[PDB]
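[1] give me a model of this one.
(4 chains)
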Amino acid sequence: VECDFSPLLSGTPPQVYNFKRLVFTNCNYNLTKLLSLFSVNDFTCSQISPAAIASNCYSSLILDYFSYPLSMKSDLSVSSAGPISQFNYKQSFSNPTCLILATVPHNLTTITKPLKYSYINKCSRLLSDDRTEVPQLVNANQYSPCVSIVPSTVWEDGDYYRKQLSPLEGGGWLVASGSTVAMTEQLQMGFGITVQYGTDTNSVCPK
Amino acid sequence: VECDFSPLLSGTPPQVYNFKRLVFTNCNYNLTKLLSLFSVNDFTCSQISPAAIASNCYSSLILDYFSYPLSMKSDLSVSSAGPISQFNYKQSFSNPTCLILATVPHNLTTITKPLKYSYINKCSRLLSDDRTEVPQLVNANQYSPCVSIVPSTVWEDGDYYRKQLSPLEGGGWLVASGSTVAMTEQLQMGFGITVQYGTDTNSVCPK
Amino acid sequence: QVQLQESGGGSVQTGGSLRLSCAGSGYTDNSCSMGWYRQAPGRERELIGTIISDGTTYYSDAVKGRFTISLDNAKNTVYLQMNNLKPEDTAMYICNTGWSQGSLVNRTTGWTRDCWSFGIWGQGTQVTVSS
Amino acid sequence: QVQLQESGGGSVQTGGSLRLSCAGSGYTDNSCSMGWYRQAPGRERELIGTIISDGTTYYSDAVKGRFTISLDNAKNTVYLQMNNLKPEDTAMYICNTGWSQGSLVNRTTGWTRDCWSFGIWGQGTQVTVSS
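    Numbers count the residues shown, from 1 in each chain, chains lettered A, B, ... in the order given. For reference, the structure is listed below:
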């Protein structure tokens, strides 16, 4: 049963904060083919080698895909410290993980283009005490708490957003800021792969 | 949203090797009521306290229920070495675990009684040589590889079962043996509670 | 029972470096955010930074190049390294854990509390920097 | 690349005790079965015992009460403590990992093998017991 990477090739890819994840188990994959459909600019892996994913059988493959400017290629990994790593997307690095940057070809009409690239500059929680900032750093494999108050596409750089937390939650406000980067002629997307050694039933496994 | 322990209170419970797992997420539970409907004969916990589960909140609650004789309560834990721990049911002991032994009251008509109590004396794998035996000890939170060849209720103690594994599986035969303990007047059942700490935590609280 | 205790405070001559401690009591594991703040007398509490277990840190942009935050997950202590300390830095340095997605747990007892609805504030330590 | 090596055998007198070891070479971690066997010239290979990482052990009744098996895990070594040896126990002692639910994985490299269809056998060590 071949792994279904169809959802990626159809639709406007989401922004980094609202990234889309496909979790594959009990399937066989051809990563060379998926990357054939795209123009790859960088493919750097941490606790795995791109070859070993294509030469070895593992329990699960997780592909998180999003629209990301190659202008910020350095910022995606935790090697570089900045807003994306702190408040937008974090892989469970230390586990076998790969980050790829790609430009969508003119041929790939199914992958549509966003109006602009957008990201969260900061997501923070101001407390009722006015003790103020308790910045909400992103958790790996999870979404920023500010995705509720941050628009799918940020209208303007420096846009600021707010939500009032319930008394039960502890009172206070959730505050966020947005930053925008202009869209390229061809969409530049970013792909995150996390492979898990797992125990038995090594199931994702090359073609 | 109350946790639904309803699947347990309706139907003939499975045998230990065929344990039924109910995973509860984003629900609230009162284990006092569930145990209230039964006559508890033991509530022993490791790495957790009966009452801490009732006083604190955890990411998930797993209850595994099965028909088990009180004759074998000593054997159920990893503390005692023997077939149930080796080839039938093993919990993640290092993780918080509770093992509960209870008798179904005459009032609980919905929990029906099996015709006898059954367990796997041995699950072993003869290899391609037709001599080598690799005993298939049960992994935790998983079923025996022999559940396919072992009957849901064993007709006679010492019954033997066989399956030929395909050449792709490494070849060989899968062999198993079964043991029978007579049914009591009132069904005696076994329950396994495993709770998990997590980033959210507030998923399975009490009350 | 759960509390945080700061340490390493005292007197440093200007240009010096001090590393402070915020040990936590009553929790085997913390999945939450531990953060450092400074309050001068007559001045508001100002965020120094926030850290999580992975090593991810946020700096206030004024503590850039001088203040650093570290965490020891076992021995649950968060630390602040302050360098080129100057007289203006003299203030009370306090630490907080809480209000941050993850949970505080004691594996020995089975206790768990959600940091989103809970927070702990440390007593405080004073850094006096003199010429 | 992947191999298991047996050491600790030799010549022992009746009533003697020996500790034998089987060590893995190409794998960082094993969630698979590890087992001990004995074969004598012109004779069948017989199971002594099988061990998993948690310590669960199945022992052939014949060797039960005398032989004890352990797994280091950090050092991929399985051990057989043979106690009250008799000349009848003289044979080649072989070890295996495989033909079980689990996997052998090298975290470095990324090599992964499923033990349902994979196994590693051993050349063996000779334990002779005499009078």
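[2] what about residue A:109, neighbour count?
    Neighbour count for residue A:109, taken as other Cβ atoms under 10 Å in any protein chain shown: 9. In this view, the C-beta of every residue, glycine as well, is placed from N, C-alpha and C.
[3] which residues are in contact with it?
    Residue A:109 makes contact with no residue, according to Cβ atoms under 8 Å, 6 or more residues apart in numbering or on different chains.
[4] ranges for the strands of chain A?
    A:20-24, A:28-29, A:39-45, A:60-67, A:97-103, A:117-126, A:160-164, A:173-181, A:188-196, A:205-206 (DSSP state E).
[5] okay, these in TSV with distance to chain B and mean neighbour count next?
    Below are the strands of chain A laid out as TSV (distance: least, Cβ to the nearest Cβ, whole Å; neighbours: other Cβ atoms under 10 Å in any protein chain shown):
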stretch	distance to chain B	mean neighbour count
strand A:20-24	16	14
strand A:28-29	14	17
strand A:39-45	25	14
strand A:60-67	16	22
strand A:97-103	18	21
strand A:117-126	16	23
strand A:160-164	19	13
strand A:173-181	17	19
strand A:188-196	16	23
strand A:205-206	13	16
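[6] out of the ones you listed, flag the one nearest residue C:125.
    Closest approach to residue C:125 among these (Cβ to Cβ): strand A:117-126, 24.4 Å.
[7] and the closest one, how far out from the chain middle?
    Centroid separation for strand A:117-126 versus its chain: 15 Å, with Cα atoms, centre = their mean, to the nearest Å.
[8] by contact count, what packs against it?
    Strand A:117-126 sits against helix A:83, strand A:173-181, with contacts defined as 3 or more Cβ pairs under 8 Å, 6 or more residues apart in numbering or on different chains; DSSP states H and E.
[9] close to chain C, is the shortest one?
    It stands for helix A:83. No: on the criterion Cβ under 8 Å from any Cβ of the partner chain, helix A:83 is out of touch with chain C, staying 9.6 Å away.
[10] now do the same end-to-end measure for stretch C:98-109.
    20 Å (Cα to Cα, to the nearest Å).
[11] check stretch C:38-56 too.
    Rule used - Cα to Cα; the end-to-end distance of stretch C:38-56 is 20 Å.
[12] hmm, back to that, adding distance to residue D:47, write the strands of chain A out as CSV.
    Listed next are the strands of chain A as CSV, based on distance: least, Cβ to Cβ, whole Å:
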stretch, distance to residue D:47
strand A:20-24, 38
strand A:28-29, 35
strand A:39-45, 42
strand A:60-67, 34
strand A:97-103, 41
strand A:117-126, 58
strand A:160-164, 64
strand A:173-181, 61
strand A:188-196, 33
strand A:205-206, 31
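[13] what's the closest of those to residue C:59?
    strand A:117-126 (11.9 Å).
[14] what angle sits between the closest one and strand A:188-196?
    Relative orientation of strand A:117-126 versus strand A:188-196 (axes from the mean of the first three to the mean of the last three Cα atoms, to 10 degrees): 60 degrees.
[15] who is residue A:42 paired with across the strands?
    Beta-bridge pairing of residue A:42 under DSSP bridges involves residue A:101.
[16] spell out which parts of chain A neighbour chain C.
    A:78, A:81, A:85-86, A:90, A:93, A:122, A:125, A:127, A:131-140, A:142, A:145, A:168-170, A:172.
[17] if any of these are buried, give me the ChimeraX selection for them.
    The ChimeraX command for the buried members of these (criterion: 16 or more other Cβ atoms under 10 Å in any protein chain shown) is given here:
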select /A:78,85,86,90,93,122,125,127,131,132,133,134,135,136,137,138,139,140,145,170,172
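[18] on that earlier part again, compare the strands of chain A and give me the one nearest residue B:66.
    Once the strands of chain A are compared by Cβ to Cβ, strand A:60-67 is nearest, at 28.7 Å.
[19] give me the contacts around the closest one.
    With Cβ under 8 Å, 6+ apart as the test, strand A:60-67 has contacts from A:3, A:5, A:8, A:12-16, A:18-25, A:29, A:53, A:89, A:91, A:113-114, A:117, A:141, A:187-196, A:198, A:203-204.
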